[PDB]
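Enquirer: So I've got this file, query-v2.tsv, and it contains TSV, C-alpha atoms:
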```
chain	number	residue	atom	x	y	z
A	1	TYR	CA	98.70	158.45	76.14
A	2	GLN	CA	95.76	157.39	73.99
A	3	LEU	CA	95.06	153.82	72.88
A	4	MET	CA	92.61	153.92	69.98
A	5	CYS	CA	91.11	150.76	68.53
A	6	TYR	CA	89.39	150.21	65.20
A	7	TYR	CA	86.34	147.99	64.91
A	8	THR	CA	85.42	147.10	61.32
A	9	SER	CA	81.81	146.45	60.37
A	10	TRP	CA	82.57	143.37	58.30
A	11	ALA	CA	84.36	141.54	61.12
A	12	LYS	CA	81.03	140.14	62.31
A	13	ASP	CA	80.48	138.38	58.97
A	14	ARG	CA	83.52	136.10	59.23
A	15	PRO	CA	83.12	132.40	60.13
A	16	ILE	CA	81.69	132.38	63.67
A	17	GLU	CA	85.06	131.45	65.22
A	18	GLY	CA	86.59	134.61	63.77
A	19	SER	CA	83.40	136.67	63.95
A	20	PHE	CA	83.66	139.71	66.21
A	21	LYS	CA	80.84	141.98	67.35
A	22	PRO	CA	81.39	145.53	68.66
A	23	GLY	CA	79.44	144.86	71.83
A	24	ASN	CA	82.03	142.20	72.68
A	25	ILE	CA	84.89	144.68	72.96
A	26	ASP	CA	86.39	145.01	76.46
A	27	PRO	CA	85.16	148.52	77.43
A	28	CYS	CA	88.25	149.12	79.56
A	29	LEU	CA	90.85	148.08	76.99
A	30	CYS	CA	91.08	151.24	74.87
A	31	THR	CA	90.61	154.99	75.30
A	32	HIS	CA	88.85	155.38	71.93
A	33	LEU	CA	86.91	152.98	69.70
A	34	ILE	CA	86.72	153.86	66.01
A	35	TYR	CA	83.92	152.41	63.90
A	36	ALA	CA	85.37	151.69	60.56
A	37	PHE	CA	83.26	153.17	58.06
A	38	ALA	CA	80.34	155.36	57.53
A	39	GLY	CA	79.42	155.98	53.91
A	40	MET	CA	78.53	159.10	51.96
A	41	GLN	CA	75.49	159.98	49.86
A	42	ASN	CA	74.65	163.35	48.28
A	43	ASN	CA	77.65	164.85	50.12
A	44	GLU	CA	76.30	163.74	53.50
A	45	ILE	CA	77.72	161.16	55.88
A	46	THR	CA	75.48	158.12	56.32
A	47	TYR	CA	75.72	154.41	57.12
A	48	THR	CA	77.22	151.87	54.71
A	49	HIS	CA	74.65	149.22	55.64
A	50	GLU	CA	71.43	149.77	57.58
A	51	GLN	CA	72.38	147.09	60.11
A	52	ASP	CA	75.29	149.37	61.04
A	53	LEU	CA	72.86	151.32	63.19
A	54	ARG	CA	72.62	148.36	65.59
A	55	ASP	CA	76.42	148.25	65.65
A	56	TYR	CA	76.58	151.93	66.58
A	57	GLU	CA	74.18	151.28	69.45
A	58	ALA	CA	76.20	148.34	70.76
A	59	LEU	CA	79.52	150.13	70.35
A	60	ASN	CA	78.45	153.34	72.04
A	61	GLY	CA	76.65	151.39	74.74
A	62	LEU	CA	80.10	150.33	75.94
A	63	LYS	CA	80.47	153.89	77.25
A	64	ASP	CA	78.02	153.00	80.03
A	65	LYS	CA	80.68	150.52	81.21
A	66	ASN	CA	83.61	152.93	80.82
A	67	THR	CA	82.46	156.52	81.25
A	68	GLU	CA	85.78	157.90	80.03
A	69	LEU	CA	85.68	155.91	76.78
A	70	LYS	CA	85.21	157.90	73.57
A	71	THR	CA	83.92	156.67	70.22
A	72	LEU	CA	84.70	157.95	66.75
A	73	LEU	CA	83.07	157.26	63.40
A	74	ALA	CA	85.51	156.80	60.49
A	75	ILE	CA	84.63	157.64	56.90
A	76	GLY	CA	86.68	156.57	53.89
A	77	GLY	CA	89.34	153.90	53.74
A	78	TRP	CA	91.33	152.34	50.92
A	79	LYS	CA	88.43	150.71	49.07
A	80	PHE	CA	86.24	153.81	49.29
A	81	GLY	CA	88.90	155.77	47.47
A	82	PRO	CA	89.30	159.51	46.84
A	83	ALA	CA	86.49	160.31	44.45
A	84	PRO	CA	83.60	160.97	46.87
A	85	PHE	CA	85.88	163.23	48.91
A	86	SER	CA	87.14	165.14	45.85
A	87	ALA	CA	83.56	165.94	44.86
A	88	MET	CA	82.53	166.88	48.41
A	89	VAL	CA	85.35	169.38	49.03
A	90	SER	CA	85.05	170.97	45.59
A	91	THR	CA	82.63	173.70	46.65
A	92	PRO	CA	81.72	175.61	49.81
A	93	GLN	CA	78.12	174.37	49.40
A	94	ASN	CA	79.18	170.72	49.33
A	95	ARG	CA	81.50	171.10	52.33
A	96	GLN	CA	78.77	172.80	54.38
A	97	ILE	CA	76.30	170.05	53.51
A	98	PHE	CA	78.84	167.47	54.64
A	99	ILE	CA	79.87	169.26	57.84
A	100	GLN	CA	76.30	169.82	58.96
A	101	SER	CA	75.39	166.21	58.21
A	102	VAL	CA	78.33	165.08	60.34
A	103	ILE	CA	77.27	167.07	63.39
A	104	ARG	CA	73.70	165.74	63.09
A	105	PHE	CA	74.81	162.15	62.52
A	106	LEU	CA	77.38	161.96	65.31
A	107	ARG	CA	75.07	163.56	67.87
A	108	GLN	CA	72.09	161.36	66.83
A	109	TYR	CA	74.09	158.16	67.25
A	110	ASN	CA	76.14	159.13	70.31
A	111	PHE	CA	79.60	159.34	68.74
A	112	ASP	CA	82.20	161.63	70.30
A	113	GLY	CA	83.87	162.57	67.05
A	114	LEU	CA	84.86	161.91	63.45
A	115	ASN	CA	87.82	160.11	61.87
A	116	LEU	CA	88.46	161.32	58.32
A	117	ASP	CA	90.19	158.57	56.33
A	118	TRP	CA	90.47	159.95	52.79
A	119	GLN	CA	92.79	157.58	51.06
A	120	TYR	CA	94.37	160.24	49.65
A	121	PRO	CA	93.95	163.85	48.82
A	122	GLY	CA	96.44	164.51	46.01
A	123	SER	CA	96.91	160.94	44.73
A	124	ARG	CA	94.99	157.92	43.40
A	125	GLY	CA	93.18	160.27	41.04
A	126	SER	CA	92.60	163.11	43.49
A	127	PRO	CA	94.05	166.28	41.89
A	128	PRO	CA	96.77	168.49	43.44
A	129	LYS	CA	94.21	171.12	44.47
A	130	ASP	CA	92.77	168.62	46.97
A	131	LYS	CA	95.79	169.07	49.25
A	132	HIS	CA	94.58	172.63	49.84
A	133	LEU	CA	90.87	171.76	49.80
A	134	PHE	CA	91.34	168.96	52.34
A	135	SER	CA	92.99	171.49	54.65
A	136	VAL	CA	90.09	173.93	54.09
A	137	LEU	CA	87.58	171.16	54.90
A	138	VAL	CA	89.40	170.29	58.12
A	139	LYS	CA	89.60	173.92	59.24
A	140	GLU	CA	85.90	174.50	58.50
A	141	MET	CA	84.91	171.27	60.25
A	142	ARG	CA	86.90	172.21	63.36
A	143	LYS	CA	85.28	175.66	63.40
A	144	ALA	CA	81.79	174.18	63.07
A	145	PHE	CA	82.52	171.70	65.88
A	146	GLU	CA	83.74	174.56	68.10
A	147	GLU	CA	80.62	176.62	67.37
A	148	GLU	CA	78.24	173.73	68.06
A	149	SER	CA	79.98	173.01	71.36
A	150	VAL	CA	79.59	176.61	72.51
A	151	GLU	CA	75.97	176.88	71.40
A	152	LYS	CA	74.90	173.65	73.11
A	153	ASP	CA	77.25	173.87	76.10
A	154	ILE	CA	78.48	170.30	75.70
A	155	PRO	CA	81.98	168.91	75.00
A	156	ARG	CA	83.25	169.56	71.48
A	157	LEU	CA	83.21	166.70	69.01
A	158	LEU	CA	86.70	165.33	68.30
A	159	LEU	CA	88.18	165.71	64.83
A	160	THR	CA	90.85	163.28	63.70
A	161	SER	CA	92.28	162.13	60.40
A	162	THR	CA	94.48	159.34	59.19
A	163	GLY	CA	97.84	160.43	57.76
A	164	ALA	CA	99.74	158.54	55.06
A	165	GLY	CA	102.90	156.60	55.83
A	166	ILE	CA	104.34	156.75	52.30
A	167	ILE	CA	106.45	159.89	51.96
A	168	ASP	CA	105.45	160.82	48.41
A	169	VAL	CA	101.78	160.47	49.43
A	170	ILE	CA	102.32	162.68	52.49
A	171	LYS	CA	103.96	165.33	50.28
A	172	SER	CA	101.18	165.45	47.70
A	173	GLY	CA	98.27	165.36	50.11
A	174	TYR	CA	98.91	166.91	53.51
A	175	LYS	CA	99.46	170.53	54.60
A	176	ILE	CA	100.94	169.34	57.88
A	177	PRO	CA	101.23	172.56	59.92
A	178	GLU	CA	97.69	173.65	58.99
A	179	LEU	CA	96.22	170.19	59.62
A	180	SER	CA	97.98	169.93	62.99
A	181	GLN	CA	96.37	173.23	64.04
A	182	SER	CA	92.83	171.97	63.46
A	183	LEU	CA	92.93	168.24	64.13
A	184	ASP	CA	92.83	166.75	67.61
A	185	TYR	CA	94.81	163.70	66.42
A	186	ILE	CA	96.50	162.32	63.35
A	187	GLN	CA	96.41	158.50	63.06
A	188	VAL	CA	99.60	157.74	61.14
A	189	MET	CA	99.31	154.76	58.85
A	190	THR	CA	102.53	153.06	59.78
A	191	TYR	CA	101.53	149.73	58.23
A	192	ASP	CA	101.25	148.04	54.80
A	193	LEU	CA	104.78	149.39	54.35
A	194	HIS	CA	105.99	146.44	52.25
A	195	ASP	CA	103.80	144.04	50.34
A	196	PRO	CA	104.05	141.21	47.78
A	197	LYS	CA	103.90	143.57	44.79
A	198	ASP	CA	107.46	144.60	45.72
A	199	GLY	CA	108.88	141.30	44.45
A	200	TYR	CA	110.70	140.54	47.71
A	201	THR	CA	109.77	139.77	51.31
A	202	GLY	CA	109.38	142.78	53.57
A	203	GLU	CA	107.85	143.68	56.91
A	204	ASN	CA	104.41	145.18	57.43
A	205	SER	CA	105.33	147.70	60.15
A	206	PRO	CA	109.06	147.63	60.92
A	207	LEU	CA	110.22	150.00	63.64
A	208	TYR	CA	113.54	150.72	61.90
A	209	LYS	CA	114.85	150.21	58.41
A	210	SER	CA	116.43	146.97	57.27
A	211	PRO	CA	120.10	147.07	56.26
A	212	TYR	CA	118.74	145.82	52.92
A	213	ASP	CA	116.51	148.87	52.40
A	214	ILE	CA	117.74	151.20	49.68
A	215	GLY	CA	116.51	154.55	48.40
A	216	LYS	CA	112.93	155.43	49.28
A	217	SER	CA	112.62	152.00	50.86
A	218	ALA	CA	114.82	153.26	53.71
A	219	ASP	CA	111.87	155.48	54.75
A	220	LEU	CA	109.41	152.56	55.05
A	221	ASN	CA	109.62	152.22	58.82
A	222	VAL	CA	107.91	153.73	61.86
A	223	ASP	CA	110.86	155.83	62.98
A	224	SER	CA	111.42	157.47	59.58
A	225	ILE	CA	107.73	158.09	58.99
A	226	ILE	CA	107.06	159.71	62.36
A	227	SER	CA	110.26	161.73	62.02
A	228	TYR	CA	109.02	163.06	58.68
A	229	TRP	CA	105.69	164.13	60.19
A	230	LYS	CA	107.38	165.87	63.14
A	231	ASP	CA	110.08	167.53	61.02
A	232	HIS	CA	107.30	168.91	58.83
A	233	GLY	CA	105.39	170.43	61.69
A	234	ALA	CA	103.00	167.92	63.24
A	235	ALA	CA	102.51	168.24	66.99
A	236	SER	CA	104.17	165.20	68.57
A	237	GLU	CA	101.37	164.77	71.12
A	238	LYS	CA	98.76	164.69	68.35
A	239	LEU	CA	100.50	161.86	66.49
A	240	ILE	CA	98.95	158.43	67.06
A	241	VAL	CA	101.12	155.58	65.78
A	242	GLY	CA	99.45	152.84	63.75
A	243	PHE	CA	99.91	149.32	65.23
A	244	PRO	CA	98.71	146.56	62.86
A	245	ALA	CA	97.06	143.46	64.33
A	246	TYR	CA	97.85	141.48	61.17
A	247	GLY	CA	100.69	140.58	58.84
A	248	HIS	CA	101.29	140.18	55.09
A	249	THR	CA	102.02	136.94	53.30
A	250	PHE	CA	104.28	136.15	50.36
A	251	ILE	CA	105.16	133.09	48.32
A	252	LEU	CA	108.92	132.56	48.26
A	253	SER	CA	110.65	131.98	44.91
A	254	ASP	CA	113.12	129.70	46.71
A	255	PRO	CA	112.15	128.01	50.01
A	256	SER	CA	115.88	128.10	50.88
A	257	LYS	CA	115.98	131.92	50.80
A	258	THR	CA	113.82	132.99	53.74
A	259	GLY	CA	115.26	136.26	55.01
A	260	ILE	CA	114.22	139.88	54.58
A	261	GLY	CA	114.51	140.86	50.94
A	262	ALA	CA	114.21	137.29	49.67
A	263	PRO	CA	112.68	136.98	46.18
A	264	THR	CA	108.93	136.35	46.03
A	265	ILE	CA	106.36	135.21	43.48
A	266	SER	CA	103.03	136.52	44.74
A	267	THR	CA	100.81	137.16	47.75
A	268	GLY	CA	100.16	134.14	49.97
A	269	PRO	CA	96.82	132.26	50.11
A	270	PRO	CA	93.94	133.81	52.06
A	271	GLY	CA	93.37	132.89	55.69
A	272	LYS	CA	90.36	130.82	56.75
A	273	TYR	CA	88.79	133.74	58.58
A	274	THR	CA	89.97	137.00	57.01
A	275	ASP	CA	89.73	135.73	53.42
A	276	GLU	CA	92.21	138.16	51.86
A	277	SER	CA	95.15	137.00	49.78
A	278	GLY	CA	98.32	138.55	51.14
A	279	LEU	CA	97.03	139.10	54.67
A	280	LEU	CA	96.62	137.11	57.89
A	281	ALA	CA	95.09	138.34	61.15
A	282	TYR	CA	97.43	138.03	64.12
A	283	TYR	CA	95.22	135.18	65.37
A	284	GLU	CA	95.68	133.43	62.01
A	285	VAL	CA	99.45	133.90	62.27
A	286	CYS	CA	99.22	132.11	65.65
A	287	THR	CA	97.67	129.14	63.83
A	288	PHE	CA	100.49	129.29	61.24
A	289	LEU	CA	103.03	129.15	64.09
A	290	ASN	CA	101.17	126.44	65.99
A	291	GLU	CA	101.12	124.27	62.87
A	292	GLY	CA	104.88	124.43	62.47
A	293	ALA	CA	106.14	127.63	60.87
A	294	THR	CA	109.70	128.65	61.68
A	295	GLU	CA	109.63	131.88	63.68
A	296	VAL	CA	112.47	134.35	63.50
A	297	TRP	CA	113.03	137.71	65.12
A	298	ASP	CA	114.41	140.42	62.90
A	299	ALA	CA	116.33	142.62	65.31
A	300	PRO	CA	117.30	145.36	62.84
A	301	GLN	CA	113.60	146.14	62.33
A	302	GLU	CA	112.38	144.82	65.69
A	303	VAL	CA	109.57	142.72	64.25
A	304	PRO	CA	109.00	138.98	63.67
A	305	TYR	CA	108.52	136.94	60.53
A	306	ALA	CA	107.69	133.27	60.00
A	307	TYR	CA	107.83	130.79	57.15
A	308	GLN	CA	106.58	127.32	56.24
A	309	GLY	CA	107.55	125.77	52.92
A	310	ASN	CA	107.24	128.57	50.39
A	311	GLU	CA	104.97	130.80	52.49
A	312	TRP	CA	106.49	133.74	54.35
A	313	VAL	CA	104.72	136.16	56.69
A	314	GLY	CA	105.87	139.53	58.07
A	315	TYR	CA	103.82	140.56	61.12
A	316	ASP	CA	103.74	141.98	64.65
A	317	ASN	CA	103.67	140.15	67.98
A	318	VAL	CA	103.77	140.97	71.68
A	319	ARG	CA	107.48	141.75	71.67
A	320	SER	CA	107.28	144.08	68.67
A	321	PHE	CA	104.29	145.89	70.16
A	322	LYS	CA	106.24	146.28	73.45
A	323	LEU	CA	109.34	147.70	71.79
A	324	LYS	CA	107.27	150.08	69.66
A	325	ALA	CA	105.32	151.21	72.75
A	326	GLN	CA	108.57	152.07	74.55
A	327	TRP	CA	109.84	153.90	71.46
A	328	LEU	CA	106.57	155.85	71.24
A	329	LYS	CA	106.92	157.03	74.83
A	330	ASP	CA	110.61	157.90	74.32
A	331	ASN	CA	109.57	160.04	71.36
A	332	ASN	CA	106.79	161.85	73.23
A	333	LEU	CA	104.03	160.75	70.89
A	334	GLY	CA	100.32	160.90	71.61
A	335	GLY	CA	99.64	157.19	71.66
A	336	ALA	CA	98.77	154.23	69.47
A	337	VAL	CA	95.93	152.97	67.32
A	338	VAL	CA	95.31	149.26	66.78
A	339	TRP	CA	94.28	148.48	63.21
A	340	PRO	CA	91.98	146.52	63.32
A	341	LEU	CA	91.10	145.36	66.85
A	342	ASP	CA	89.07	142.51	65.34
A	343	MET	CA	92.24	140.81	64.09
A	344	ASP	CA	93.90	140.67	67.53
A	345	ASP	CA	93.20	137.35	69.34
A	346	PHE	CA	90.02	138.67	70.97
A	347	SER	CA	88.88	135.23	72.15
A	348	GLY	CA	92.30	134.08	73.33
A	349	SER	CA	91.57	130.77	71.58
A	350	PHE	CA	94.16	131.05	68.80
A	351	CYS	CA	97.29	132.30	70.57
A	352	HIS	CA	96.73	131.21	74.17
A	353	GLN	CA	97.97	134.61	75.37
A	354	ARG	CA	94.59	135.52	76.91
A	355	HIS	CA	92.11	138.03	75.42
A	356	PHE	CA	93.47	140.72	73.10
A	357	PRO	CA	97.15	139.90	73.60
A	358	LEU	CA	98.44	142.62	71.30
A	359	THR	CA	96.15	145.37	72.52
A	360	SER	CA	96.51	144.38	76.19
A	361	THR	CA	100.26	144.81	75.79
A	362	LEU	CA	99.70	148.42	74.77
A	363	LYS	CA	97.14	149.01	77.53
A	364	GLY	CA	99.74	148.12	80.13
A	365	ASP	CA	102.77	149.76	78.53
A	366	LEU	CA	100.94	153.01	77.74
A	367	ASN	CA	99.45	153.23	81.25
A	368	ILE	CA	95.86	153.07	80.06
A	369	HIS	CA	93.52	152.95	83.07
A	370	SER	CA	90.36	155.04	83.33
A	371	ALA	CA	88.86	156.01	86.68
A	372	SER	CA	85.66	154.06	86.17
A	373	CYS	CA	87.54	150.91	85.21
```
Any chance you could give the structure as structure tokens?
Expert:
Amino acid sequence: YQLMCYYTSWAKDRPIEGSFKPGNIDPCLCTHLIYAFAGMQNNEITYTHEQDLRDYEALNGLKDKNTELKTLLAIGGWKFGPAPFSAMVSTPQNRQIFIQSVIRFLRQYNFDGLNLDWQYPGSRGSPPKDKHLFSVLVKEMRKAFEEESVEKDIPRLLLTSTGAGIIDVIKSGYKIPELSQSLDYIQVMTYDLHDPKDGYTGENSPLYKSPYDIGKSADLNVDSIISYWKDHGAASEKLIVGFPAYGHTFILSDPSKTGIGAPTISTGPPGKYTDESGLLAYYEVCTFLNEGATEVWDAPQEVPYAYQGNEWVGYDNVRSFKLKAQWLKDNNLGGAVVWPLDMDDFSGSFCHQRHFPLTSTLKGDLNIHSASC
């Protein structure tokens, strides 16, 4: 199995206590490290901030400590949006410019591959034709990577892409059989499945549906999402399940109604370190628990939730990661990806479960152990 781990560039800018630098990642913890976000300029991949170059150096330097470790550079993300991608895939000229820039960039900075994270071909403004054009881009990129590998007699660069977790988004943006032919891995975004804008409490990454889920909501769970991808042609071994190292917060309409599906008013207040209304890093959830929140296990979905006064949080803990890891193995999947590693309790200071409690759980349960480690 693979255990991929995202490192986000902005994690180092948080208050020192929550600040995380790529060079401080345990080199033996994961099989792949993914640097979250390269930018794009004139249809070419590039850095988002010039200081990112130092990050690349530190991140890839970890490979001297774990010779089997691979690194990937991700481009895109939710905030980036679809527009730059729509323009880049619109013509053969633009795609060639992009593909060649990727090979040059990854080889220059010692990355082993690319992680395409177009948040969404076919939706959010991206026209229907982008479902086909995204597939064309992926096929052309894979071909170029194969050709470069043969010409230089070195291992081929890896090509991966995120895959939506929302069914309607999968339908409008992904030619699954074609994409599965050309991609090495598909990182399925099995997270952010329920959020405050729903009007009721809901889990971030439930394994199974809640008995309260109705209609399309009954598909907002890991099992249903992965089943959809497989039923539509994705190679099971290429599917990498998303494991969130954070939860979502809600303000309860009634502090007496605290279960799944309870009415809510809005997102909860931002955490001290992550500063994002509606979200808390796993380490911030540990603080919430330590300071008195009532913790409950939701067996139907096999994930925890906690509440204090009118604040409710749906998240993932060691037990939910363990159960999902077993399920992943039972379903012959390719592995897991922790999103984002910088929100796990990397210092061990917040949860008292040692360093990287969530990710370490997956390392053990997925039998991750490289020869040089």
Enquirer: Counting all atoms listed in the file, which residues in stretch 202-317 of chain A sit no more than 9 Å from stretch 326-350 of chain A? For each one, give the nearest pair of atoms and the distance in Å, sorted by chain then residue number, as a Markdown table.
Expert:
```
| residue | atom | partner | partner_atom | distance |
| --- | --- | --- | --- | --- |
| A:207 | CA | A:327 | CA | 8.7 |
| A:223 | CA | A:327 | CA | 8.8 |
| A:235 | CA | A:333 | CA | 8.6 |
| A:236 | CA | A:333 | CA | 5.0 |
| A:237 | CA | A:334 | CA | 4.0 |
| A:238 | CA | A:334 | CA | 5.2 |
| A:239 | CA | A:334 | CA | 5.2 |
| A:240 | CA | A:335 | CA | 4.8 |
| A:241 | CA | A:336 | CA | 4.6 |
| A:242 | CA | A:337 | CA | 5.0 |
| A:243 | CA | A:338 | CA | 4.9 |
| A:244 | CA | A:339 | CA | 4.8 |
| A:245 | CA | A:344 | CA | 5.3 |
| A:246 | CA | A:343 | CA | 6.4 |
| A:274 | CA | A:343 | CA | 8.4 |
| A:280 | CA | A:343 | CA | 8.4 |
| A:281 | CA | A:343 | CA | 4.8 |
| A:282 | CA | A:344 | CA | 5.6 |
| A:283 | CA | A:345 | CA | 5.0 |
| A:284 | CA | A:350 | CA | 7.4 |
| A:285 | CA | A:350 | CA | 8.9 |
| A:286 | CA | A:350 | CA | 6.1 |
| A:287 | CA | A:350 | CA | 6.4 |
| A:290 | CA | A:350 | CA | 8.8 |
```
Enquirer: From the options A:356, A:229, A:111, A:312, which residue's atoms come nearest to residue A:256, counting only C-alpha atoms?
Expert: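 Ranked by minimum distance to residue A:256, first place goes to A:312.
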Enquirer: For atom CA of residue A:220 and atom CA of residue A:193, determine how far apart the two atoms are, in Å to one decimal place.
Expert: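 So the answer is 5.7 Å.
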Enquirer: Counting only C-alpha atoms, which of A:126, A:101, A:317, A:149 gets nearest to residue A:353?
Expert: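 For residue A:353, the nearest of the candidates is A:317.
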Enquirer: Hey, what's within 9 Å of residue A:195 if we count all atoms listed in the file and toss same-chain stuff fewer than 2 positions away? As JSON, numbers by chain, please?
Expert: {"A": [192, 193, 197, 198, 199, 200, 201, 202, 203, 204, 248, 249, 250, 267, 278]}
Enquirer: Between A:59, A:64, A:135, A:32, which has the minimum distance to residue A:373 (counting only C-alpha atoms)?
Expert: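 So, comparing all the options, the nearest one is A:64.
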Enquirer: Give me, as a VMD selection string, all polymer residues having an atom no more than 12 Å from residue A:47, counting only C-alpha atoms and skipping those fewer than 6 positions away in the same chain.
Expert: chain A and resid 9 35 to 41 53 to 56 73 to 76 101 to 102 105 to 106 109
Enquirer: Give the answer as one residue: which of A:116, A:214, A:3, A:16 has the shortest atom-to-atom distance to residue A:160, using only C-alpha atoms?
Expert: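 Of A:116, A:214, A:3, A:16, the one nearest residue A:160 is A:116, counting only C-alpha atoms.
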Enquirer: Dump as a PyMOL selection string all residues having an atom at most 9 Å from (113.5, 154.9, 60.0), computed in the file's coordinates with all atoms listed in the file.
Expert: chain A and resi 206-210+218-227
Enquirer: Could you tell me which of A:365, A:7, A:146, A:114 comes closest to residue A:186 if we count only C-alpha atoms?
Expert: A:114
Enquirer: Atom CA of residue A:104 and atom CA of residue A:144, how far apart in Å?
Expert: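 Separation of atom CA of residue A:144 and atom CA of residue A:104: 11.7 Å.
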Enquirer: Give me, please, the distance in Å between atom CA of residue A:23 and atom CA of residue A:11, quoted to one decimal.
Expert: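 Answer for the atom CA of residue A:23 to atom CA of residue A:11 separation: 12.2 Å.
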Enquirer: Give the answer as one residue: which of A:28, A:138, A:362, A:179 has the shortest atom-to-atom distance to residue A:99, using only C-alpha atoms?
Expert: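 Among the listed residues, the smallest separation from residue A:99 belongs to A:138.
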Enquirer: Can you list, as a ChimeraX atom specification, every protein, DNA or RNA residue that comes within 9 Å of residue A:159 when you count all atoms listed in the file, leaving out same-chain residues fewer than 2 positions away?
Expert: /A:72,113-116,138,141-142,145,157,161,182-185
Enquirer: How would the residues just picked look written out with C-alpha atoms as a JSON list (two decimals), in the frame of the given file?
Expert:
```json
[["chain", "number", "residue", "atom", "x", "y", "z"],
["A", 72, "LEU", "CA", 84.70, 157.95, 66.75],
["A", 113, "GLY", "CA", 83.87, 162.57, 67.05],
["A", 114, "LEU", "CA", 84.86, 161.91, 63.45],
["A", 115, "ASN", "CA", 87.82, 160.11, 61.87],
["A", 116, "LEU", "CA", 88.46, 161.32, 58.32],
["A", 138, "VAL", "CA", 89.40, 170.29, 58.12],
["A", 141, "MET", "CA", 84.91, 171.27, 60.25],
["A", 142, "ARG", "CA", 86.90, 172.21, 63.36],
["A", 145, "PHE", "CA", 82.52, 171.70, 65.88],
["A", 157, "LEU", "CA", 83.21, 166.70, 69.01],
["A", 161, "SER", "CA", 92.28, 162.13, 60.40],
["A", 182, "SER", "CA", 92.83, 171.97, 63.46],
["A", 183, "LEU", "CA", 92.93, 168.24, 64.13],
["A", 184, "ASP", "CA", 92.83, 166.75, 67.61],
["A", 185, "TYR", "CA", 94.81, 163.70, 66.42]]
```
Enquirer: I'd like the contact shell of residue A:132 - 9 Å cut-off, all atoms listed in the file, skipping same-chain residues fewer than 2 positions apart - returned as a PyMOL selection string.
Expert: chain A and resi 121+128-130+134-137+173-175
